[PDB]
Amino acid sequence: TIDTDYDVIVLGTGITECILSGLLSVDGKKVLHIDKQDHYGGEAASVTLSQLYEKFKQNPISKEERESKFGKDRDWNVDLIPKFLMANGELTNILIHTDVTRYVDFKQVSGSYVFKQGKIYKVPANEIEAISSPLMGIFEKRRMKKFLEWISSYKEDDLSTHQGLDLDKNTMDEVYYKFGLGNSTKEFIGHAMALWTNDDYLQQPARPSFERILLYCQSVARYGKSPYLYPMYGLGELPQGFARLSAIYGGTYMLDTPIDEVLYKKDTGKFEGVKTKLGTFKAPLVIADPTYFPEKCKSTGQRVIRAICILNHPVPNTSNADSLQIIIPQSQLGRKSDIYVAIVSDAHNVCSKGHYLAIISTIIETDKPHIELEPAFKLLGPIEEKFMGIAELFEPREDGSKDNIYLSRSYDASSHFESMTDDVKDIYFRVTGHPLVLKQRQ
């Protein structure tokens, strides 16, 4: 007999849901976590090569052809949605407090590169590299330095370290002005450090930009090389790890289990449970991804193209790096948004020996999405295979307070997971009424 009643039902095993399921199980809540799909990870799963053909190709190749070209399916764990972890980001903080580090190992990403006039340049990760970089001239570097010294010396508490700037009242452009920074330096700080994909931030309060730049500097400072970490065996390990945390603390899991019907309190539209092939399960609230409640979500008005490329060689002009980010700032291509490339390889157990995965992504701004990626495809050298997908981004219409249907946002075009942990924290506050407070797992 299966228990009918739970504190919370969670639908979909994307990482946002799996983190929430783990945190709530840790809080002592009785959680039932269901997925219609036959595997963990939802839209940000890592999949095998055969699955990649099934998903993105018209006529999947034979097992024998696939294995001769690419080796065994077991060697491939290919992210559907590229993300790195900021080394001092919130996801690392959650991983450490929950000991989900016991279920997922991490390696540093070798570097972050920025595109300028057809070439790529490694963004400095230390003082020697900062001295060496041709990205700025000497006098501009001196102005850059005073800016970063202010970033380091600013204490909220103490108005004497503010240099006449107010992070809430001054725009980021005004902050740049105080330090006399030119437009190319603004683009570099904004796009390579704050990692904005557009220039909207210039006319917005400085605070969020200040915090993002501080986050970047703290992250590169943790271990050097770059601000990023990446999980061994791919991003799919993350939801699996948080699902294990939830199971340890009492959570119950069902996969390959369609939701036949969502149940609502009569004449109210409020959640009460779900009917499945295994029975009817009840809880006072549900947490779910957009695919379970499409009617309760809206498009953000953005579509992201993601091109998963398989190479049999390293990316040119990266010193044969095992992993990297490339950033193509919008101004370099006359675009409205940056193009990213995320490159990982056999060093991270995501492909067979000798191969590289290069996943290119951007928000579509033209009528020929494939053509928008050409400047990025050109950076990769010869490409063995491409698997192309386009995703529309969704967000909940409402915060869930009215109907106890607490929905996550689709995974966005940003190159790392900070916006995903922002979503976790926001959903947790919505669900529980108090900010998330992490305790160290004992």
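Only the largest set of C-alpha atoms that superpose within 1.5 Å between the two forms is called the rigid core. Residue positions are given as counts along the sequence shown, with the first one as 1.
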item: Stretch departing more from the displayed form, 115-123 or 218-226, Cα RMS in 4 other deposited structures of this protein (core fit); value: 218-226
item: Which of 273-281 and 173-181 strays further in 4 other deposited structures of this protein - Cα RMS after rigid core alignment; value: 173-181
item: Mean C-alpha B-factor comparison - 58-66 and 390-398, higher one; value: 58-66
item: Residue range whose averaged C-alpha B-factor is higher in the record, 121-129 or 97-105; value: 121-129
item: Highest recorded Cα temperature factor - choice among 89, 180, 231, 251; value: 180
item: Top residue by Cα temperature factor, when 79, 365, 156, 75 are compared in the entry; value: 156
item: Relative C-alpha B-factor of residue 316, binned into the chain's lowest, middle or highest third; value: lowest
item: CA B-factor placement of residue 257, once the chain's modelled residues are sorted into thirds; value: middle
item: CA B-factor placement of residue 211, once the chain's modelled residues are sorted into thirds; value: highest
item: Chain-wide C-alpha B factor ranking for residue 160, given as lowest, middle or highest third; value: highest
item: Assigned third (lowest, middle, highest) for the C-alpha B factor of residue 236; value: lowest
